[PDB]
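Notes follow once the structure below has been shown.
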Amino acid sequence: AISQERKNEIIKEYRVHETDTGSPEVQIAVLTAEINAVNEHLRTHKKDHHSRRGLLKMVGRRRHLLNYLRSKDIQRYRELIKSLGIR
Amino acid sequence: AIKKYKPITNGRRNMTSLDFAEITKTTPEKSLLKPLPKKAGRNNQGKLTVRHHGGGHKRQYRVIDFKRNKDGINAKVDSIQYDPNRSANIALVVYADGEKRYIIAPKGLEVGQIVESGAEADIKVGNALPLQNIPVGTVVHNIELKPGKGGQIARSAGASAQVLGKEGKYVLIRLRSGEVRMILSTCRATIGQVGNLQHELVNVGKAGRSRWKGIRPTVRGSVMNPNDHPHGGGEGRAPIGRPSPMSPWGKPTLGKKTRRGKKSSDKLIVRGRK
Amino acid sequence: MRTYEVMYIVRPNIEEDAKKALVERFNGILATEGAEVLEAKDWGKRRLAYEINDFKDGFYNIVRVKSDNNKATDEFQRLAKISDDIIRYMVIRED
Amino acid sequence: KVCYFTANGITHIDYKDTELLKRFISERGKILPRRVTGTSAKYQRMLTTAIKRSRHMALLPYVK
Amino acid sequence: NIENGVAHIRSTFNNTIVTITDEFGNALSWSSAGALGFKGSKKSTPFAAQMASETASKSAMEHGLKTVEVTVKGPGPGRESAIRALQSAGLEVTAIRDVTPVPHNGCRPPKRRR
RNA sequence: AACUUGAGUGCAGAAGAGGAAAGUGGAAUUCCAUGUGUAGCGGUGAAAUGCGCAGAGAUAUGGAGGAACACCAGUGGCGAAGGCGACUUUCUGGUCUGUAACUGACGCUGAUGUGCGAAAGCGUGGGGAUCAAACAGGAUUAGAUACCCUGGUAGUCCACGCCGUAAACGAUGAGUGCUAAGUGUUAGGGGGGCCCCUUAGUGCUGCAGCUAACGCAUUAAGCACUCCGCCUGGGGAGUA
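Chains as they are written, first to last, in the entry's author numbering: chain o, 2 to 88; chain C, 2 to 275; chain f, 1 to 95; chain r, 14 to 77; chain k, 15 to 128.
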């Protein structure tokens with residue numbers, strides 16, 4: 002999907018502290034770019050059912066990470082939901 | 002694409018029309034329009050010669066360049082427009098230094114694409130160039146038959162011939178019917194298939210919609226009287242009581258080959274279909 | 001970023017003056033749209049393993065290109081198909 | 014027996030190297046089974062790819 | 015001619031068609047096992063192939079044939095007897111190539127019997 | 001409130017017929033046009049229908065078109081399953097190894113739901129080489145609406161939709177941990193071509209243990225815990 006250099010700017014943007022890659026703000030943000038990339042791919046290759054299956058797993062992972070973030074603190078959930086455009 | 006009307010009326014159940022989405026300007030040009038007064042099957046004497054032709058919506062003729070001969074000067078596609086006198090669409094083109102003229106719209110010609118007539122032209126959709134310079138295997142429309150006359154062969158929605166090979170002064174071309182033939186090399190074509198590929202899938206529905214293109218009802222011959230048609234007469238409905246189905250004027254109609262023999266095109270048709 | 005090696009075969013009966021006219025122009029598209037051709041080698045008239053359009057021999061040219069656009073190599077194949085001099089071509093992504 | 018791709022250290026079989034490939038094409042251009050040539054499974058795959066690329070570019074015969 | 019006339023032999027589980035043509039593919043003569051009066055289960059026999067080959071081989075000598083290339087096409091029992099039926103007539107067999115077509119797939123083989 | 005082993009992310013690597021789109025090839029089949037060519041070809045257990053003498057089969061050259069990709073090729077690989085083998089390019093999914101840089105339980109299962117789902121089948125529009133359900137014959141039989149032979153239509157191919165079934169099987173739900181070994185193969189890692197150790201797959205023997213038996217056995221059908229689906233004699237009947 003997204004290139005390694007592309008991924009890093011997403012990491013730098015939403016990192017909580019420096020040297021942070023596993024927080025549920027960068028993981029969610031990275032998946033959002035990855036999800037949109039596969040969504041754009043499937044606009045052309047509509048019957049890529051095997052690729053679409055991996056998209057549904059990414060959506061589930063982000064959904065579970067968003068549920069965890071909301072259950073931890075609502076403030077960070079609200080900031081992350083508006084910056085990324087997630088409804 | 003095709004839009005399927007909802008069955009709000011019976012006379013409109015299975016109707017379908019063209020979505021007219023490829024069209025971009027819905028109005029003509031005052032200087033490339035000349036008058037077309039409907040003739041309705043009538044001749045120089047005033048007698049019905051061809052039948053099933055009559056009243057219909059007025060139409061202005063749009064002068065088309067079937068002989069794409071502006072060689073060297075480039076042209077921009079300004080608007081793909083609707084034509085009432087043909088199945089395919091037309092595209093206004095503006096030449097690189099002021100003149101503008103209509104052509105036939107290829108399949109995926111887009112607004113703002115560039116097209117070139119000539120002989121040094123590339124092989125891209127829309128550009129016209131002689132059949133000596135068109136590679137073997139290319140889909141061509143608007144093929145001339147005579148040097149300088151104008152495209153004649155392959156001009157209706159979804160018409161495409163394939164340049165299949167060479168001889169000497171003639172190129173081999175498989176026309177849409179399935180016929181392989183030869184056309185002089187100094188004659189021009191245009192790269193690509195003609196658009197409105199969905200023109201053949203439309204359903205008319207209304208009797209009146211068929212009676213808007215200038216069609217008039219056609220009566221089956223098996224109900225005219227013996228003095229009107231060979232299949233006419235009989236007390237009741239009758240089968241065709243002759244060895245062969247016949248035509249109004251007395252000439253076999255289910256199989257008889259009506260192509261004049263001893264024609265000067267016979268040496269040029271390789272295999273034939275239809 | 002992406003590196004391509006393009007090998008194409010020219011028919012063995014081409015006029016010598018036209019050979020440099022074709023090789024020049026066809027390495028010309030391979031340098032367009034961000035392409036920065038590195039190598040452009042000639043392999044000479046070698047024997048083909050099988051007849052290609054009733055030809056037993058042919059000129060081999062190998063051109064290595066590098067560009068993150070990929071349209072230079074697609075433009076090559078579009079014109080290589082049209083041209084009657086090139087009888088076989090192949091584009092390999094080298095990594 | 015020894016692979017010749019692990020023994021000599023070749024980590025990239027090139028389809029332009031026709032001479033190296035002609036050792037695995039037998040008498041027809043037929044790809045020789047790896048049991049006969051003793052190359053490993055990892056190199057039988059990239060050698061098959063190189064051979065098929067050479068055949069298309071007429072550097073190796075399909076049949077002989 | 016003088017020499018170099020290839021002979022094509024079609025050995026199947028039925029008769030063996032033997033044809034002798036020039037080097038450029040122009041038939042001179044031909045003789046199958048079925049043209050010699052052989053009935054079925056006689057047609058695909060080494061004995062029938064023996065006469066099948068030499069019967070066309072004699073017709074070749076009238077055009078003056080001194081060299082034959084044996085191109086065998088088919089997995090039939092009457093193959094080897096056919097080749098030795100050419101040397102026994104003195105045709106100086108040079109090459110023995112098998113040309114039985116091998117598809118690289120690309121066709122559905124007819125269903126087998128049951 | 002705290003923690004990393006679970007689960008994920010980061011970094012360094014690995015292999016792969018995983019999927020979609022567009023191109024490029026070689027062999028072969030069929031048909032067509034010619035040159036040569038002469039009385040058969042083809043098929044069976046034997047036949048014959050059948051194709052030929054209006055020149056068939058064969059052979060040589062050329063052309064048209066469709067479909068599938070020999071050799072590589074394997075208890076090989078990938079995928080959740082169905083399935084995926086010519087080559088190239090573009091998008092794109094998943095998995096494994098090592099490290100320990102980050103979060104600190106964010107996990108499992110999962111009714112309803114929502115998607116995918118072999119072949120065959122249907123609609124629309126194309127395409128149609130090969131093989132062919134059905135159909136025609138020719139045989140065998142006492143009869144043969146069958147196996148054998150000769151042809152032959154839909155279909156088999158493509159693009160969209162629909163269908164949603166298979167002995168769709170490892171006839172074995174998913175997750176987690178423990179419990180003798182021996183010997184392979186695939187993809188990595190670390191040490192001293194060889195040896196040792198190790199991770200994840202895939203195989204064959206084989207302990208304890210389980211089973212009615214067959215057999216399974218670290219890829220359980222053993223020992224445990226969580227969750228879902230399913231069964232309660234055979235017909236009637238997967239029928240109302």
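We put the beta carbon where it would ideally sit given N, CA and C, even for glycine.
Beta bridge counterpart(s) of residue i as assigned by DSSP
i	result
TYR89 (chain f)	f:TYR8
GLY58 (chain f)	f:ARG46
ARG175 (chain C)	C:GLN163, C:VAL181
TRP44 (chain k)	k:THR33
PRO253 (chain C)	C:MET247
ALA76 (chain C)	C:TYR96, C:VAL116
Beta carbon proximity, residue i to chain f, threshold 8 Å
i	result
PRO107 (chain C)	no
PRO131 (chain C)	no
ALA71 (chain r)	yes
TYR56 (chain r)	no
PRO46 (chain r)	no
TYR75 (chain r)	yes
Proximity test, Cβ basis, 8 Å: residue i and chain r
i	result
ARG11 (chain f)	no
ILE52 (chain f)	yes
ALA49 (chain f)	yes
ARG88 (chain f)	yes
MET7 (chain f)	yes
Selected residue, minimal CA-CA separation from residue i, among the options
i	options	result
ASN86 (chain C)	C:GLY99, C:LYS77, C:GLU100, C:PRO38	C:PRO38
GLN101 (chain k)	k:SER71, k:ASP112, k:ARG127, k:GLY78	k:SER71
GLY78 (chain k)	k:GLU106, k:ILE97, k:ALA66, k:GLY92	k:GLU106
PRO115 (chain k)	k:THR85, k:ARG98, k:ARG126, k:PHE52	k:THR85
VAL51 (chain C)	C:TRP250, C:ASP79, C:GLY169, C:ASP84	C:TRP250
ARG78 (chain f)	f:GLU5, f:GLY58, f:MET1, f:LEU30	f:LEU30
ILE174 (chain C)	C:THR254, C:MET16, C:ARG221, C:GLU145	C:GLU145
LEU56 (chain o)	o:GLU14, o:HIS65, o:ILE36, o:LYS48	o:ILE36
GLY237 (chain C)	C:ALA120, C:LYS4, C:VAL224	C:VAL224
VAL94 (chain C)	C:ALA22, C:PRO218, C:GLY127, C:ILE216	C:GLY127
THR59 (chain k)	k:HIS118, k:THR108, k:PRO91	k:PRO91
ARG189 (chain C)	C:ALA239, C:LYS264, C:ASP72, C:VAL220	C:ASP72
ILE62 (chain f)	f:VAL91, f:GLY34, f:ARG2	f:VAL91
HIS69 (chain r)	f:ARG88, f:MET1, f:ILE14	f:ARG88
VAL140 (chain C)	C:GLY57, C:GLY215, C:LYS31, C:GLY166	C:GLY166
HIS58 (chain C)	C:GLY12, C:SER18, C:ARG210, C:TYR103	C:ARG210
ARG11 (chain f)	f:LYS66, f:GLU75, f:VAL65, f:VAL23	f:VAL23
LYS35 (chain C)	C:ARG60, C:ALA41, C:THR25, C:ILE91	C:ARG60
Neighbouring residues, chain C, relative to residue i (Cβ below 7 Å)
i	result
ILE82 (chain f)	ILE124, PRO136
Per-residue DSSP class, three states only, for residue i
i	result
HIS22 (chain k)	strand
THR50 (chain C)	coil
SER52 (chain o)	helix
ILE31 (chain k)	strand
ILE12 (chain o)	helix
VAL17 (chain o)	coil
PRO36 (chain C)	strand
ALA99 (chain k)	helix
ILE75 (chain o)	helix
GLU6 (chain o)	helix
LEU19 (chain C)	strand
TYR103 (chain C)	strand
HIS77 (chain k)	coil
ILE64 (chain r)	helix
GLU30 (chain C)	coil
beta-carbon residue i near the ligand ATP non-hydrogen atom, thresh 7 Å
i	result
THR31 (chain r)	In the structure on display, the ligand ATP does not appear, and there are no ligands present to speak of.
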